[PDB]
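Undergrad: I have a structure here, written as structure tokens, and I will follow up with some questions on it.
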Amino acid sequence: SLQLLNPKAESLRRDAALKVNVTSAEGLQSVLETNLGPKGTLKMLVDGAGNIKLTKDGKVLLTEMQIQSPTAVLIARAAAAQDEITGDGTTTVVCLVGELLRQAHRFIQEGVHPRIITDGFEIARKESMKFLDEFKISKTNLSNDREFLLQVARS
Amino acid sequence: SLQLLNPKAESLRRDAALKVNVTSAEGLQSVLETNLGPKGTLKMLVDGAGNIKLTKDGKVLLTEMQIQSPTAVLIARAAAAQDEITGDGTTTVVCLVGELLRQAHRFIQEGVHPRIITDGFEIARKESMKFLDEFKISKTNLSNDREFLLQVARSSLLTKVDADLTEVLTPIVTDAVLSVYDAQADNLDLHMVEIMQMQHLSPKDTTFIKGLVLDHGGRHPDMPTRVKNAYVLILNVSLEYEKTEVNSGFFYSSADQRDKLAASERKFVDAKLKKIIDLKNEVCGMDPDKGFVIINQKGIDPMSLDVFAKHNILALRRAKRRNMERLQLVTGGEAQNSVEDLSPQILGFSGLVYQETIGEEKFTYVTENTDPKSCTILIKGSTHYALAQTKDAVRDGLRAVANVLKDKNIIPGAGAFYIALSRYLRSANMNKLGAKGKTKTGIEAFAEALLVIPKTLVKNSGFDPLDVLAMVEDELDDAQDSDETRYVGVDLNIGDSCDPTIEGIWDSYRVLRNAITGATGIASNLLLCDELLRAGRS
Amino acid sequence: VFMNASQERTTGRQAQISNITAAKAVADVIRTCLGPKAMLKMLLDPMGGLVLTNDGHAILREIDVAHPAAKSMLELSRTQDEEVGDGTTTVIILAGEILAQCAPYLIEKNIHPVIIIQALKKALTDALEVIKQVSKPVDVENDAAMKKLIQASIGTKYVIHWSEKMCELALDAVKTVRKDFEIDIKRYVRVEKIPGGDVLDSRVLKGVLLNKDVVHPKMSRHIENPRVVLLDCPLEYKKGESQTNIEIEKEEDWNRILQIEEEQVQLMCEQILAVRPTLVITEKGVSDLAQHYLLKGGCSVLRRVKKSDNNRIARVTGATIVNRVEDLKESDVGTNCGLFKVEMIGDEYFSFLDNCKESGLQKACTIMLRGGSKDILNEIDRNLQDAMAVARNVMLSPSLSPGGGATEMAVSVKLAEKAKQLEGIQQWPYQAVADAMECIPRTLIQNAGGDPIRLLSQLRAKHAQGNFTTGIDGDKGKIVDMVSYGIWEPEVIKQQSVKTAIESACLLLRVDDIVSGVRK
Amino acid sequence: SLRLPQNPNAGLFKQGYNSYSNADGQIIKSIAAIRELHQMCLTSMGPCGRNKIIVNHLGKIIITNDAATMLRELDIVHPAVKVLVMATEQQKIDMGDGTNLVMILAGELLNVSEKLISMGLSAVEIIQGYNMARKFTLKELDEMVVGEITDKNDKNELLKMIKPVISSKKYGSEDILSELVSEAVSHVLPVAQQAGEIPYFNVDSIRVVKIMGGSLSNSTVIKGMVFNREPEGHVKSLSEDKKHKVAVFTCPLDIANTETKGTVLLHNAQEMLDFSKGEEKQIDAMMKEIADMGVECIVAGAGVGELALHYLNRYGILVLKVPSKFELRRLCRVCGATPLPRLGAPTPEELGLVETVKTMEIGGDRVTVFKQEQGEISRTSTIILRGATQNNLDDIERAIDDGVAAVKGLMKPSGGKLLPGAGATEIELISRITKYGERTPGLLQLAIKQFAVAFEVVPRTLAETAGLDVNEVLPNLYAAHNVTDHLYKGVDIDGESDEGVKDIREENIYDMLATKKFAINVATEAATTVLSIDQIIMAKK
Amino acid sequence: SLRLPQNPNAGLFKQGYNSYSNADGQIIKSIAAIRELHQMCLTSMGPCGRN
Amino acid sequence: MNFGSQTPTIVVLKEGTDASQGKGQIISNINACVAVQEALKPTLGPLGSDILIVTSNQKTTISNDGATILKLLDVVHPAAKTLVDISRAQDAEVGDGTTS
Ligand SMILES: Nc1ncnc2c1ncn2[C@@H]1O[C@H](COP(=O)(O)OP(=O)(O)O)[C@@H](O)[C@H]1O
Ligand SMILES: Nc1ncnc2c1ncn2[C@@H]1O[C@H](COP(=O)(O)OP(=O)(O)O)[C@@H](O)[C@H]1O
Ligand SMILES: Nc1ncnc2c1ncn2[C@@H]1O[C@H](COP(=O)(O)OP(=O)(O)O)[C@@H](O)[C@H]1O
Ligand SMILES: Nc1ncnc2c1ncn2[C@@H]1O[C@H](COP(=O)(O)OP(=O)(O)O)[C@@H](O)[C@H]1O
Ligand SMILES: Nc1ncnc2c1ncn2[C@@H]1O[C@H](COP(=O)(O)OP(=O)(O)O)[C@@H](O)[C@H]1O
Ligand SMILES: [Mg+2]
Ligand SMILES: [Mg+2]
Ligand SMILES: [Mg+2]
Ligand SMILES: [Mg+2]
Ligand SMILES: [Mg+2]
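Residue numbers (the deposited numbering), protein chains in the order written: chain z, 2 to 156; chain Z, 2 to 539; chain G, 6 to 185, 196 to 373, 431 to 592; chain q, 2 to 484, 492 to 549; chain Q, 2 to 52; chain h, 1 to 100.
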């Protein structure tokens, strides 16, 4: 139907768009998940000018390397907002989005609508906040101890 | 390692080779997912020539659309090879390999080895073979139940065509299969049952003919059209001219000697025609009431057709190899090649022989036999794709019902076989099995992959696939404790369970056996492969 | 300009560096194709087919490399396949390492490529000595041990699950072809394929299996005692080696010319009926006129049969290849035929010929394969060639070497111990032979997920003290002795692996320069 | 089965990006590829090393047997090589000595670690192995010192310092070039009874003036400098005044004009008549004051006008442009004056002294020579190079820059103590590290042994360039260390080198402690990075 | 963003092959494709029909 | 894991950079100097012959000494530039024997 409006247009609908979203998320996950943890691997961002740079943060890897796929641009923009306000945890964002789309798509293939699936994530998200506020622990920073800040910085 | 060796090449290894086999499997599965089941969608195939051919068979879709992927060509040979000998279970093989790869790939991402996973499929396959012995039911062929054959015929015909074509075409198959069973109990499908194309009134006007129908008739007008009692004669001798191995000129000298040597062309033909006249003299009694017909495998000269026309002998030329191997079964006579030794015993018998013509073509009908050992199924149709749709339906229907008479068992379908294996593999004690280690998920992966087939039937009806299995699971939980052996089904009309024993839904024995064996072999070999490459001289 | 050369002459040390890197690259392609947990390989040929396998020979047949040093490594698999038929990947993976270990020295310590060759022949001479000592003999008539010997190679393939049937399938086939020294050949081993069916019901049956049916419908489809007679000429009327060119003058000549065409086929058919055969197998085609009068006597006519199958029928039925029909006697007629029967399969018809089973000529047979698809048949057929190849070496050589890398590791230990007492200039290449022989074990360990570091350290500590039959369990990845493990391979495969790998290095090490694009 | 599915992550990163990760074989691809350039620095090592001609894209040809000068011009596409490139440049800018050791060691650690990775040892453990081996190497080098120097003033003491450095680059010239560099350092250092508290030294003190033509033996030392410039106005007296006060002005000698642009405004013709004489009397008021104090030389950086040059010609004042700003301050250090952008007037405190200035041609071109005798100098010297080709003189300059850079490496830290050279301490470290590996049981022992094997290239590379068999002199040298006398065993380079033993003190070959420590650290850090990476991501062009 | 992934796993079949499902109003287009030549038949039925 | 279908190997030196090992290059450098030497071979001596050079700008320049002959011919090879540098150095320092 879209070709009648614009012959030069294209459209993937209801099965090809879902595979693109999941495969692009899994493809972004498989490349960028290796930097997670202390045993992760180092990447060399070698541009056309020959500039060499070592890093493990997902923000600067995706900033220098332009993203062609439309789905991974949305995930790279999420890592930008994560690195902007916080500055840590970009590798956890792309892995959670990749795994959530993987675990969700496992059930979409079983004949479940995406609406109630996302409704469960929000209830599960709100349930985690009621778990997170009880799971945290309070400490007194007035002492300004050096041992706690060192091991927290070492992590 | 390959780029410095070959200046041009492509190589995928250790993550893309796994994604390719799963992505190509899920892609090819989505093509044939909608076709599976009775309420599935039809699929036409038109090439650049512009011809049209319509069918739901996965083999026709695979063996007509060219495919570039290296995984799908193995699924094409697997789906084709299983159907070429069995005649049923084409899309079932694609769905198993289409589902078993993706169902195992989630655990490959978890980090389980492909070797021990496929070891679980093999030892799980042996449990299904042991389960086929207990799951099947014995059926005695001495009863000769025609209602049992009618229900088996409607299982495959309802899948391909609608109820209007199934009801009229079902007894066409049953009457053909009813004559297959005999004292020798030797099955014969290709020689006995045949298919012939004929553009006529409509597909609904398909009728059963007990005798052998031929696609040719009498060339001359004066030759008889209808014959009441026609005694056939088989002769593989060619009665036209023959060029004679290097023989050359009839060197003629005078003008009278020229035509004197040209008359010798008739002497070789008349020497063979006189043997037919001598044979007709023995059966000359009741000549107006009775008749005589000659069927030749090779061409007959037009000069000799006038000889048969004068004696009112019907002539038919250029028959097939298969029809000569079927006249003895229909008419009951015996075959002959040479014209030297003849007898009245080899002549067959026929109660009615008539011809009907439409346009330029003409068909000869034979029927009303005394004890016909074979028959035919003359299918009617409107368009060429209508014949192709009836070709695949009759080709797959005859092979499915014929396998029931080969063995003394039959497997009920409608998801009963897959649902039964699910509870068997998920509830069986593992200490009895010899598999240990990380074979825990291999049993669960293959057991869970079988569930996707019976809900694919539901996906074409539009109902919720997960909800219509709730009462199915609750039925089997109480059926074991209720002390009542029953097999559930999946009825797509109302969206509720059913019993295939009373509804008449059945499936052959070797279809599900060869399907899982062929699917497990292909799916296992695709999992162990961890590298793809292309190289060669061209 | 000058002659067609001097584009870019790779001379000096960099030429040999590319060859060691190119020779190492061939082994890296099939590094994972070794051991019991080996991965498969799907190669795409440009014609349109597909080859699914893990054998290094079948992989390297389809690949094409535009480099002359790597092509010499490519030809070593044909040396192993057309000598024994097992261990082709073992040959390719060992040589790579030998060329690689010798490289440090060539590149740096400047030992000239001839002194390395002299060091390797003494290592080759010592390798055959320790391989002869480490191997233990085994009885050839013990069927219980023969089944475990045949399934050693099947364990590294897909059909290990059906190993209980394949050893019985291969053992019966090898004894049929075996002639009572003990020479056998696989040209009569028929590799006919049947797509579909289950592997359990697949069985070997004594005799042949044709793809064709009878011609006339009245032929007997079930004969109790067939009497086969082979024919080479066609039953059609032979035109002759020279043109006839009959000058016809009278009218009674042309009908006579067509009548003698009927009488000559009568004369050759009537003399065939002097012995009254039941089945007449003609090599070339058959006529429509001759089949009827052979049926009047009771024969059975078939279509044209290629003489590759007729030579198998001659050894099964005991008949002889006969072309002249006038010299047909009763002694050359085949007999002692078990049963005749034709099954219905949708692909094509299949005529079965069974033998009575009861010195003389060696008997042939046809092995039935009932796979899942076409690629499964070709996969299983190569497994039989790899499995039946093992059965020949135990008959030609009763010696039996330990498997699981224990044989090559034994070469590594003795060459390493003797390298200290071999003081001189040959010590550095002689000691580097042990560095590659301990890699086959390394490859096996790497495919199990094990750690090659502590396992090989534990291996060398127990190899000198414990026993000479110690090895690595490929499935579990622990040190398990081959005596309790119960898996053994022949010693002949170990000889060809050490000989072909070292002899390949002696050729490639002498390469100085590479000049491409001279002429055709 | 003709066209592949084309890797369905192709929706991800563009075709220009290339991934060469591990498992696929990145380490095997890299350690090897770099063996070509490893042989380049290996062949150019030692006194008998071969220089390499590098023609850049502009066409400026250079011929230098080092490593920092070569790799700067080589446009290398391989990223893993570039880690070794600028790591060698760090040695050039900081210490100026040890470019080649860095290349033959950083690359050899990757070459010798082929056995560790191929056997299946973890990459993380190899980094921990070389780091602990690096710490033991730094601690052990202090004990093998026998050249504790404390004078570092006299010329003969520098024969153990400069001549081993000059003997590496163009071995044939030792006494001549060492006399130029050693005499230059003596002019640079001040005359004092005890100069301490870390006196200042910089590489810009000793400059190199390249003159075409003349044999290398005819060179000489100049305390001033020599510029390729044309004097103007008059000929010098050369002995009459006995000393010359030299004023250096940043601004030119002209009427003081503003930054903003102006022009001449004349309301009547009375100012027109006086404007011709007003410009002459304006400069005369400022120029006459300069001549009263006797400033016999003026140096103006910017362009000097003709009106200012005319007044200076009659009094006989030397003029000089010196357009570049960097070389302008070096002339001030000779005379001992300060720059003065203001005209003002010459003061005695800010004006320096210069003995004489004479003009001649050394290689056909007229030049100005600022040589002075009996004058006070502070951190200034020059070496007039005479040579047949400009291509050869470029290597002499960098050899002198590396020589004076070693003087910066000595006097800047508290101690730049010597070590035994000529393949003496390297084989000792093999024995120390071999004994150290057995003290600590563990899986990292294999890394400690292979770290010692990487030091083997230093002795044999001198033997390979000498045309000797490596398998004879190298194992024979180990027998000499069995047992001070065993420490001073080294590699001989002569026709009588069949014995393979030559005492170090006969010719006094020595190396620096700080140079080898910084070279071993940058070499280990270079190998640490290459072994730590697993994925390499390229881009288009 | 500049370019789509252009229908991945499309190499299963040839580039020239195209699928046309009931969705996207394609059955309405097939009715419209009949409507093109069907209106030609409107002027050609009856005694006043035009050749 | 990989970004695309295949990954071609990197050339260490830049594409088009000429390099060679062994004794062939130093013989080629010596033969290059001998090729320049043969031009000045018959020029040496009182009975020698002059050399006529015409550059791309089409300006005639006749000379006997090797100082300006080598200056006119723009030399690409570095080994052949060694003879040109000493000839200009001999011309700059002394002014005689540039051919010898
Ligand atoms: N030493 C450690 N041991 C175990 N887990 C760790 C360690 N360091 C970090 N992690 C885990 O890695 C996660 C991400 O940490 P980090 O790598 O610092 O952020 P990012 O992944 O954004 O670079 C954290 O949630 C933490 O649980
Ligand atoms: N009317 C029906 N009711 C329930 N199940 C059916 C019906 N028709 C077909 N099926 C099921 O669909 C499956 C596939 O049938 P068929 O088309 O014969 O094989 P394939 O789809 O593999 O060609 C069978 O297992 C059968 O049980
Ligand atoms: N079960 C096993 N455990 C350990 N090693 C094995 C096992 N089976 C085979 N091998 C080793 O693999 C090598 C090759 O055996 P095989 O796979 O049969 O030959 P090919 O390499 O021709 O496929 C042998 O040298 C043997 O040492
Ligand atoms: N006459 C000689 N006898 C013995 N050894 C020498 C002689 N001349 C130079 N050498 C050795 O050659 C080596 C060259 O080292 P070089 O690479 O120039 O040092 P660096 O790497 O610090 O610049 C020195 O270590 C020195 O010991
Ligand atoms: N009168 C002479 N008698 C003998 N030899 C001479 C005489 N004049 C010149 N020569 C020789 O001719 C050679 C070439 O001189 P020439 O080419 O004229 O000078 P240049 O090479 O500097 O241009 C010199 O080596 C010199 O020995
Ligand atoms: Mg972090
Ligand atoms: Mg069916
Ligand atoms: Mg094998
Ligand atoms: Mg130095
Ligand atoms: Mg002269």
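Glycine included, C-beta positions come from ideal geometry on N, C-alpha and C.
What residues in its chain sit with their C-beta under 8 Å from that of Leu449 of chain G, if we drop five residues either side in the sequence?
TA: The sequence position of residue 449 of chain G within the third sequence is 377, counting from 1. So the qualifying residues of the chain are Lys208, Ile209, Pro210, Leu441 and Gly443.
Undergrad: Give me the Cα-Cα distance between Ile32 of chain q and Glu115 of chain q, rounded to the nearest whole angstrom.
TA: On the fourth sequence, residue 32 of chain q is found 31 positions in, with the first residue counted as 1. On the fourth sequence, residue 115 of chain q is found 114 positions in, with the first residue counted as 1. For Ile32 of chain q and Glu115 of chain q, the distance between alpha carbons rounds to 8 Å.
Undergrad: Just to confirm, does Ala310 of chain Z get its C-beta within under 7 Å of one of the non-hydrogen atoms of ligand 2?
TA: Within the second sequence, residue 310 of chain Z is the residue found at index 309, counting from 1. Checking every heavy atom of ligand 2 against the Cβ of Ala310 of chain Z, none is found closer than 7 Å.
Undergrad: Kindly indicate the opening and closing residues of the beta strand (DSSP E) around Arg208 of chain q.
TA: Locating residue 208 of chain q in the fourth sequence gives position 207, counting from the first residue. Here the beta strand (DSSP E) through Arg208 of chain q covers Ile207 to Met213.
Undergrad: Report the start-end ranges of each alpha helix (DSSP H) in the stretch 54-133 of chain q that is 4 residues or longer and not cut off at the edges.
TA: Within the stretch 54-133 of chain q, the complete alpha helix (DSSP H) runs of at least 4 residues are 69-74, 80-95, 100-113 and 115-120.
Undergrad: Looking at the structure shown, is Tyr253 of chain Z part of a helix, part of a strand, or coil, going by DSSP?
TA: Your numbering for residue 253 of chain Z matches position 252 in the second sequence. Coil at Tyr253 of chain Z, not helix or strand.
Undergrad: Within 8 Å (strictly less), CB to CB, does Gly521 of chain G reach chain h?
TA: Taking the third sequence and counting its residues from 1, one reaches residue 521 of chain G at position 449. No, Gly521 of chain G lies away from the interface with chain h (no Cβ there is under 8 Å from its Cβ).
Undergrad: Just reading off the alpha helix (DSSP H) that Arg319 of chain Z is part of, what are its end residues?
TA: In the second sequence, residue 319 of chain Z corresponds to position 318, counting from 1. Run containing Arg319 of chain Z: none; DSSP gives neither H nor E here.
Undergrad: Going by other Cβ atoms of all chains shown within 10 Å of its Cβ, with 16 needed for buried, is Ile378 of chain Z buried or exposed?
TA: Taking the second sequence and counting its residues from 1, the one referred to as residue 378 of chain Z is at position 377. Looking at its Cβ environment, which holds 16 or more other Cβ atoms inside 10 Å, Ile378 of chain Z is buried.
Undergrad: Please list the residues of the stretch 14-36 of chain h that have a C-beta atom closer than 9 Å to any C-beta atom in chain G, keeping them in chain order.
TA: For the stretch 14-36 of chain h, which is checked against every Cβ of chain G, the residues closer than 9 Å are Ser20, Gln21, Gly22, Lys23 and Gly24.
Undergrad: Could you name the residues of chain z that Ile127 of chain q contacts, counting a contact when the two beta carbons are closer than 7 Å?
TA: Indexing the fourth sequence from 1 puts residue 127 of chain q at position 126. Within chain z, no residue comes near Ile127 of chain q; the closest Cβ sits about 14 Å away, beyond 7 Å.
Undergrad: In angstroms with no decimal places, state the Cα-to-Cα distance between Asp547 of chain G and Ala436 of chain Z.
TA: In the third sequence, the residue the question calls residue 547 of chain G occupies position 475. In the second sequence, the residue the question calls residue 436 of chain Z occupies position 435. One C-alpha to the other measures close to 13 Å.
Undergrad: Give the list of continuous beta strand (DSSP E) stretches no shorter than 3 residues that lie fully inside the stretch 275-360 of chain G.
TA: Runs found: 294-297 and 352-358.
Undergrad: Here's a check: name, in chain order, each residue in its chain whose Cβ is nearer than 6 Å to the Cβ of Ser576 of chain G, leaving out the five neighbours to either side.
TA: As a working note, residue 576 of chain G is residue 504 in the third sequence. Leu81 and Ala100.
Undergrad: Is the CB-CB distance between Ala320 of chain Z and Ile296 of chain Z below 8 Å?
TA: Here residue 320 of chain Z refers to the residue found at position 319 when the second sequence is read from its first residue. Here residue 296 of chain Z refers to the residue found at position 295 when the second sequence is read from its first residue. Result yes, Cβ atoms of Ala320 of chain Z and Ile296 of chain Z sit closer than 8 Å.
Undergrad: In whole angstroms, what is the alpha-carbon distance linking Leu580 of chain G and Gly40 of chain G?
TA: One-based indexing of the third sequence puts residue 580 of chain G at position 508. One-based indexing of the third sequence puts residue 40 of chain G at position 35. Rounded to whole angstroms, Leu580 of chain G to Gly40 of chain G spans 27 Å at the Cα level.
Undergrad: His245 of chain q bridges to which residues according to DSSP?
TA: Here residue 245 of chain q corresponds to residue number 244 of the fourth sequence, with the count starting at 1. DSSP lists q:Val355 as partners of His245 of chain q.
Undergrad: If we ignore side chains and look at the alpha-carbon of each, how far apart do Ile163 of chain q and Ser2 of chain Z end up?
TA: Within the fourth sequence, residue 163 of chain q is the residue found at index 162, counting from 1. Within the second sequence, residue 2 of chain Z is the residue found at index 1, counting from 1. If I take the Cα positions, the gap works out to 49 Å.
Undergrad: Tell me, to the nearest whole angstrom, how far the beta carbon of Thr541 of chain G is from that of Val555 of chain G; I am working on the premise that it is less than 8 Å.
TA: Counting from one through the third sequence, the residue named residue 541 of chain G turns up at place 469. Counting from one through the third sequence, the residue named residue 555 of chain G turns up at place 483. Going by Cβ atoms, the distance from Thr541 of chain G to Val555 of chain G rounds to 5 Å, so yes, they are a contact pair.
Undergrad: Taking a cut of 9 Å between CB atoms, which residues from the stretch 110-138 of chain z lie near chain Z?
TA: Residues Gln110, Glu111, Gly112 and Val113.
Undergrad: Could you tell me the boundaries of the alpha helix (DSSP H) in which residue 188 of chain G lies?
TA: Not modelled: residue 188 of chain G, which lies between 185 and 196, the two residues flanking a gap in chain G.
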